[PDB]
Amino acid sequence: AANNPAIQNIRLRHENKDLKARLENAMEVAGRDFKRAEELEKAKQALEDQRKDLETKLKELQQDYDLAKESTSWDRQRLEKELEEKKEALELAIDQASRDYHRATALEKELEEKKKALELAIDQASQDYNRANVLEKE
């Protein structure tokens, strides 16, 4: 404004002090939050970096389970296979005994048949042994 000079001079001089001072310290605060920022960037890294670590160890593991998985399957698999062979290898064994059994039984028959002939054969014989004496007498 176009008023008198020496008075305005008062206020400007004051403002210049405050402005300089108001500055002065805004630099001081944008001082801290800088270092503080730079502080965190480290702290961030630190962790961000120490999560990469823990992805590994996690992945690592997961697979090792995942792995157990397959291995368990295959053995369970393989056993079911043995379990197979043996069921089978059982039926046969079964069809054997039975067979051998039935043969033995039937052999027992021919045998018992042979037994009976043997009796009447062994009988006849003696029924003649005495025919001899009979004749040897007179």
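The first residue of the sequence shown is number 1, and the count goes up from there.
> What stretch has the higher average Cα B-factor here, 90-98 or 106-114?
The recorded data point to 106-114.
> Name the higher of the two by mean Cα B-factor in the PDB entry, 53-61 versus 76-84.
Mean CA B-factor is higher for 53-61.
> Which third, lowest, middle or highest, does the C-alpha temperature factor of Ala68 belong to within its own chain?
Tercile = lowest for this residue's CA B-factor.
> Sorting by Cα B-factor within the chain, modelled residues only, which third would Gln127 end up in: lowest, middle or highest?
Within its chain, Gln127 is a highest-third residue by C-alpha B-factor, going by the deposited values.
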